[PDB]
Amino acid sequence: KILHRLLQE
Amino acid sequence: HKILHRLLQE
Amino acid sequence: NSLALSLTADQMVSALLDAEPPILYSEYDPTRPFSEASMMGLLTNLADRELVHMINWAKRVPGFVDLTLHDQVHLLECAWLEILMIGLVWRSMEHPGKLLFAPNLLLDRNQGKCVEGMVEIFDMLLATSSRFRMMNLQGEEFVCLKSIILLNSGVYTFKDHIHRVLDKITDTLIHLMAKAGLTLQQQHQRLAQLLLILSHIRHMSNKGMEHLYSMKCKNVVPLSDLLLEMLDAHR
Amino acid sequence: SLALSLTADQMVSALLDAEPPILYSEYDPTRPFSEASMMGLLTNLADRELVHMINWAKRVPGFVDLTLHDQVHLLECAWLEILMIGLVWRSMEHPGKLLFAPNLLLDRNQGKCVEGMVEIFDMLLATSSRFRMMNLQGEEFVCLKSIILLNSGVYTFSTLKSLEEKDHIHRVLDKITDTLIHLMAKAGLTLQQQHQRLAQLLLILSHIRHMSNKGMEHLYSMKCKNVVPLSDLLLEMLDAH
Ligand SMILES: OC1(O)[C@]2(Cl)[C@@]3(Cl)[C@]4(Cl)C(Cl)(Cl)[C@@]5(Cl)[C@](Cl)([C@]1(Cl)[C@]53Cl)[C@]24Cl
Ligand SMILES: OC1(O)[C@]2(Cl)[C@@]3(Cl)[C@]4(Cl)C(Cl)(Cl)[C@@]5(Cl)[C@](Cl)([C@]1(Cl)[C@]53Cl)[C@]24Cl
């Protein structure tokens with residue numbers, strides 16, 4: 001999930 | 001024409 | 001000039017409490033509804049009958065009958081489903097995990113599954129009921145909230161008069177919280193919490209409107225012309 | 001928790017410092033825009049703004065205290081509301097027009113290029129008109145935006161663990177209410193005026209919720225009409241609804 005990724009970095 | 005028009009006036 | 005602006009807070013509350021519509025019963029099918037058609041039949045039948053009482057309730061909300069007929073039509077078209085849903089949630093409050101559609105029709109989310117796309121709205125309704133329960137929502141606060149919905153939900157789809165009546169209802173809500181002994185910090189905090197739930201009620205109504213439209217297109221049950229016209233106004 | 005100890009002025013300061021930037025579109029006045037290409041421009045812009053929104057959310061007091069699953073859910077629920085209220089805020093000084101970008105200022109008539117966009121444009125314009133009517137302040141606006149992020153998803157969340165989560169968001173929300181009142185008191189409003197304005201401000205959030213759901217339906221329409229290109233992140237955000 002793109003949003004999942006973006007929140008993590 | 002709407003039923004709402006008529007019920008609001010009753 | 002409108003009589004609504006000259007009432008007191010207590011007169012406002014009493015006028016709102018007196019205008020409350022009755023709680024209606026469902027058809028007495030002694031069968032736990034387990035089909036989509038019988039489910040949708042019972043609920044839209046109930047909704048049709050409640051709408052007639054809502055229209056006559058709305059005429060008793062101070063400031064409402066001072067608007068033009070076209071504005072009254074517009075406000076009710078925009079708000080009718082929010083108002084039915086907040087009433088459902090209110091009636092269901094003292095029945096955790098269940099939705100009291102009528103005293104002889106109390107359902108749980110297991111039965112929301114009998115209808116396609118219904119368990120999701122069912123869970124939103126149940127969460128709202130629990131939120132009201134934990135906040136110890138009072139009947140005087142509930143009737144203020146319901147009238148705010150009526151006057152607010154369509155007011156930006158156009159004003160001065162409605163916004164003054166809206167301010168008057170805010171004053172009434174505060175008045176009710178002060179009477180209950182709440183501190184100033186608690187008063188504006190609770191006012192905020194209450195009004196923020198109206199955002200969630202708006203969301204549930206939009207999802208409910210979509211579901212009702214799909215069931216219209218599914219032709220699962222015949223809908224009354226009144227209910228159809230209330231639906232069509234949301235395009 | 002750092003969020004819960006913040007003072008009213010520090011909350012305002014933290015929210016003002018976290019404000020994302022205003023981005024430019026690829027609009028070219030000389031280039032002819034179809035119904036689609038104008039929509040490609042706006043969806044291109046929204047996709048870039050979503051990246052800044054995600055990183056803005058991390059700076060909202062209390063947001064990072066939540067599980068990453070909760071963070072994902074709040075943004076999935078709130079993202080369109082947040083884009084729209086920012087659009088309304090940017091357009092407040094341009095009556096009858098929407099300032100999608102400093103170089104892209106559209107009016108209602110041009111919003112008739114994309115089938116279905118006229119109705120949503122009118123609602124956004126009606127909201128901007130209301131913001132102007134109330135003389136909305138920038139400090140009030142950043143409060144409203146954080147409320148949307150925290151509030152819009154807090155009732156569609158399991159265990160008693162996921163319930164302590166919901167309980168923390170409420171304390172942060174109450175802190176933002178305190179901040180709003182603090183601002184109005186400083187501006188010299190009576191208590192009755194502070195409560196009336198607080199109510200007026202939060203009632204707008206219902207109209208923003210309404211516009212968001214109407215907008216989500218328009219974006220899903222665009223999607224499987226498959227004429228306007230749509231980014232992978234927008235498509236995932238769309239699927240969340
Ligand atoms: O409470 C309602 O008014 C509401 Cl809001 C729901 Cl929850 C939907 Cl969305 C469905 Cl179509 Cl599930 C149905 Cl049958 C309708 Cl007609 C009633 Cl009676 C329910 Cl139960 C509608 Cl519009
Ligand atoms: O401001 C938006 O984010 C919003 Cl809210 C609208 Cl108004 C809709 Cl409803 C459409 Cl589909 Cl018309 C489009 Cl292109 C999207 Cl992606 C943007 Cl950029 C606009 Cl302009 C969406 Cl979802």
Side-chain angles (χ1 to χ4, degrees), chain C residues 2 4-13 16 62-63 140-141 144-145 147-149 151-152 155-156 158 160-199, chain D residues 7-9 11-12 15-16 85 88-89 92 126-148 151 173-174 176-185 187-208:
Chain C
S2 167
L5 286 189
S6 304
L7 295 187
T8 65
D10 276 317
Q11 294 189 300
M12 194 49 91
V13 176
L16 290 184
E140 287 100 336
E141 300 170 315
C144 287
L145 290 180
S147 286
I148 284 168
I149 290 176
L151 303 162
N152 176 64
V155 71
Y156 318 100
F158 282 171
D160 181 73
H161 177 59
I162 307 174
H163 289 106
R164 276 186 199 290
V165 182
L166 275 178
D167 290 334
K168 185 83 190 327
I169 303 165
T170 302
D171 292 344
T172 302
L173 272 168
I174 290 300
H175 170 98
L176 294 169
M177 302 174 165
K179 183 192 298 223
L182 259 66
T183 80
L184 276 68
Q185 194 166 290
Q186 292 173 328
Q187 280 171 44
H188 71 237
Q189 285 196 10
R190 189 171 172 78
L191 173 65
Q193 290 155 9
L194 287 184
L195 296 185
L196 281 181
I197 298 160
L198 303 197
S199 171
Chain D
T7 193
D9 287 330
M11 182 72 97
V12 173
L15 294 191
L16 285 176
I85 195 183
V88 166
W89 168 249
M92 177 180 69
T127 314
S128 189
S129 175
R130 177 64 173 158
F131 280 18
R132 214 180 300 121
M133 193 180 156
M134 289 177 67
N135 190 31
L136 183 59
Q137 300 296 299
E139 300 86 359
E140 296 172 323
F141 157 81
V142 297
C143 287
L144 287 184
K145 211 163 64 167
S146 288
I147 287 165
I148 292 178
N151 178 67
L173 276 167
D174 292 334
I176 307 176
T177 303
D178 297 333
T179 307
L180 277 175
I181 288 290
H182 171 99
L183 289 165
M184 311 172 170
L189 281 72
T190 74
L191 277 173
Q192 161 172 47
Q193 289 175 329
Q194 294 165 39
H195 296 155
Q196 293 177 339
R197 187 168 181 90
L198 183 61
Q200 290 158 10
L201 285 175
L202 302 181
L203 283 187
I204 297 169
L205 304 194
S206 159
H207 185 60
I208 284 148

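In the text below, chain A, chain B and the rest are named by the order of the sequence lines, each starting its count at 1. Heavy atoms only: backbone and side chains are in, while hydrogens, waters and symmetry mates are out.
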Problem - Distance, nearest 0.5 Å, that separates CG of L194(C) from CE of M177(C) - result: 4.5 Å
Handout entry: side-chain contact (heavy atoms from CB on, under 4.5 Å) evaluation trace for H163(C) with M133(D)
Key = CA-CA 11 Å; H163(C) 289 106; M133(D) 193 180 156; 4.0 Å; yes
Handout entry: Atom pair OG (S6(C)) and CE (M12(C)), whose distance is rounded to the nearest 0.5 Å
Key = 10.0 Å
Handout entry: Expected output: side-chain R197(D) to main-chain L180(D) donor-acceptor under 3.5 Å
Key = no
Completion exercise
Here the gap from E140(D) atom CD to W89(D) atom CH2, rounded to the nearest 0.5 Å, amounts to 8.5 Å
Practice task
Check whether any side-chain heavy atom of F141(D) sits under 4.5 Å from a side-chain heavy atom of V88(D), and report yes or no.
Solution key: no
Practice task
Grab the two heavy atoms, one from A8(D) and one from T179(D), that are nearest each other, plus how far apart they are.
Solution key: O-CG2, 3.7 Å
Problem - Pairwise distance OG(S146(D)) to CD1(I176(D)) - rounded to 0.5 angstrom - result: 5.0 Å
Handout entry: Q193(C)/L173(D) under side-chain contact (heavy atoms from CB on, under 4.5 Å): CA gap, chis, key distance, verdict
Key = CA-CA 8 Å; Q193(C) 290 155 9; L173(D) 276 167; over 6 Å; no
Handout entry: Under 3.5 Å donor-acceptor, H161(C) side chain and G63(C) backbone
Key = yes
Handout entry: Heavy-atom donor-acceptor pair, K145(D) side chain to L15(D) backbone, under 3.5 Å
Key = no
Handout entry: Criterion side-chain contact (heavy atoms from CB on, under 4.5 Å) on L205(D) and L198(C), from CA distance to verdict
Key = CA-CA 9 Å; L205(D) 304 194; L198(C) 303 197; over 6 Å; no
Handout entry: Non-neighbouring partners of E140(C) that pass salt bridge (charged side-chain N to carboxylate O under 4.0 Å, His left out), sequence neighbours left out
Key = none
Exercise for the section: Measure across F131(D) and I204(D) and return the closest heavy-atom pair with its distance rounded to 0.1 Å. Expected result: CE1-CG2, 3.6 Å
Practice task
Just do the side-chain contact (heavy atoms from CB on, under 4.5 Å) check on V13(C) and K179(C) with the steps written out, would you?
Solution key: CA-CA 12 Å; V13(C) 176; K179(C) 183 192 298 223; over 6 Å; no
Handout entry: side chain to side chain donor-acceptor pair (under 3.5 Å) against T127(D), all qualifying residues, sequence neighbours excluded
Key = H207(D)
Exercise for the section: Measure the shortest side-chain to side-chain distance between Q187(C) and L191(D) over non-hydrogen atoms and say whether it is less than 4.5 angstrom. Expected result: no
Exercise for the section: Calculate, to the nearest 0.5 Å, the distance between atoms CD1 and CG belonging to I148(C) and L195(C) respectively. Expected result: 5.5 Å
Exercise for the section: Identify the heavy atoms of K168(C) and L7(C) that sit nearest to each other, and give their distance. Expected result: NZ-O, 3.0 Å
Exercise for the section: Report the residue from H188(C), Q189(C), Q186(C) that forms a side-chain contact (heavy atoms from CB on, under 4.5 Å) with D174(D). Expected result: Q189(C)
Fill in the blank from the handout: Here the gap from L191(C) atom CG to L196(C) atom CG, rounded to the nearest 0.5 Å, amounts to 9.0 Å
